[PDB]
Each structure stands twice: as structure tokens, then as C-alpha cells.
């Protein structure tokens, strides 16, 4: 037949990418499990992102990997393959990560049939090379297209998802309770800061915004890792209200549980934005001149602020954008951000 029989099979999925790219493979994993209700499915991430998939309804078995240099990586991959093959005779391998290293891995497993997309150096040995749609789909839909290229039909998924466990609800409950957040407070959280400069809203704007709400009765958290601390300090430094600081204060599992508690999240395009979405949190997302189509808020209750909107509401109320705010995200207004929140805050 012109399909691929997925149900009743042992299957491996290989994806060793980054926090964001991973969460985006999660709706694909729901769709898979729908067409493979009985299949035994196993996932392979990179050691760090592991708390993201641990608890997850669609998977049977999750196996992680480390890395740093070349020899180290490949040694650990030959390993994983061995490890996988000690567990059972894998029927189908699907590679979602087309770089040579992961492509290597998918090959090294050596299943009767390999599919998905791999580096052209391993192409030859595959059963069916399903190429990924980089031009016409959002990233999560494009992962699913692999399944459609394999003949899947029912693709109706329910968005990004991260299953959080009890112990995490608690790490977060204390922390929050610690900071005298009450069960009834409206928490609005911020994830600012990125390795990329043009992804950073002026520090004082965030400060003004957070203060805006805090002055109104809202409570405000700040997220991030140890590297975001330098980008958050200058905000929290100039706020006249008391923020909560959750920066570098959580691991990923805990982080979701902390973010779950948010009635809202204002943020730049960065992995934590998907973590938010994967917990049902309404999103105000700051894209500059950057196009949200591909890696934006998938299946989310959000509002993406980009340059055009800034130019149009510019004209709209006759306000002119200043030459000093031309570059990057600087075309976005405290008032733009404020408005979008208050809107989503209502609609939710």
C-alpha cells in the first residue's frame, strides 16, 4: 500500500536540537501516537532538555545524550544505538534532525526502515526520505508533514505540551508562596533577554511596563537563566514596585510549573516563549522586523507585535516613531505592550 504501517511497531524518534525546536516536536508526537495507538515509541533528546519530555503521555521510553567535542559525541551515539538495540528490535526509525551527527545516529541504529529527513551524506541508506517544508509551514506543522508524507491524515493536535509532575508544582508553590504570592493574585510574567541584541527591548521599557501593572494591583515575575541575570538587573533596578525574580532560579521542569502559574507572559522570540504556550499561558510576543510565521506562537492565544503594527498604530493616532527608536524592537511601545496585555488579560 501507498502508506507506511505505523501501528503495532517499535519506533525511534531522533531529535537532538534546542529547547524551542524540541517543544515544537511535541504536537507531532501527539499525532504520531494517534496513528500508532499500540506502537512502542521511544524519543531521543540531548541530556539537558530531558525534563521537557520525561513525563509525557505519548512516549514509552525517553533516552538522552551528552556532548562537547567530536569523539565524545560519537562515542555516546554508538552507545545510544547499542542501548536502544538492547531493548528491542526497532521497526521504524524517523529522523527529524537532518544534521550529520543525528543523521549518523539514525543510521547507526540500523532499523529495517529509516525515514524522516537526514543529511544527504546518509540519504542513500534510507527507506523513504521525507523532506521538511521550510517554506510553507509553521515549524510544528512541518514536523507533522513528515507524518503526512508517510500517509497520516488525522493531524488535529492540541498545541504544544509539557507534562509537569507533582514535585515541580511544589518547588514552584513554595517559591511563589515564599514571595507572598496569594492563590488569588493575577500574576503577569516577563521573559526578556536573548543572546541576540536586536531581540532585546530597552531595559527601562520593561521596567515601566512591569511597574504599570504592579502599580495597578498585579504581581510580576522575571524568568531567565544565569546568563539573563545581567539583562534583568537593569530592569529590576529601576522599578518602583517589587518584582519577583525567578531568573536562574529554576530548572526546566520546575520552570514550566512556575510559568504555568502565570496569567500572562510578555516575551521575545526565545525558547521560554514556547514553554509558556505549552502551559496555556496567554502570550504577548515581541518580534521586531522578524517574521513569526515559522517559529511563532503555535496554536496559541497570543498577540505578536511586529514593525508594521507599530507603523500602522503610529499613523493611526498620528504619533510618529522617533529615529532613535528605529532599530530592532525599539519600534515597540510601552503603550503597545500595555494594550495587548490588557486585551489578552480580559479575553482569557
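Positions refer to the first chain, counted from 1.
If you average the C-alpha B-factors over 64 to 72 and over 305 to 313, the higher value belongs to 64 to 72. Just going by the entry, 165 to 173 versus 234 to 242 on mean CA temperature factor gives the higher value to 165 to 173.
Sorting 39, 299, 26, 291 by the CA temperature factor given in the entry leaves 39 at the top. The PDB entry assigns its highest CA temperature factor, among 91, 204, 148, 100, to 91. Among the modelled residues of the chain, residue 133 sits in the lowest third by CA temperature factor in this PDB entry. Residue 35 sits in the middle third of its chain by CA B factor, as recorded in the PDB entry. Sort the modelled residues of the chain by CA B factor and residue 110 lands in the highest third. The PDB entry assigns residue 189 a C-alpha temperature factor belonging to the lowest third of its chain's modelled residues. In the deposited entry, the Cα temperature factor of residue 345 places it in the middle third of its chain's modelled residues.
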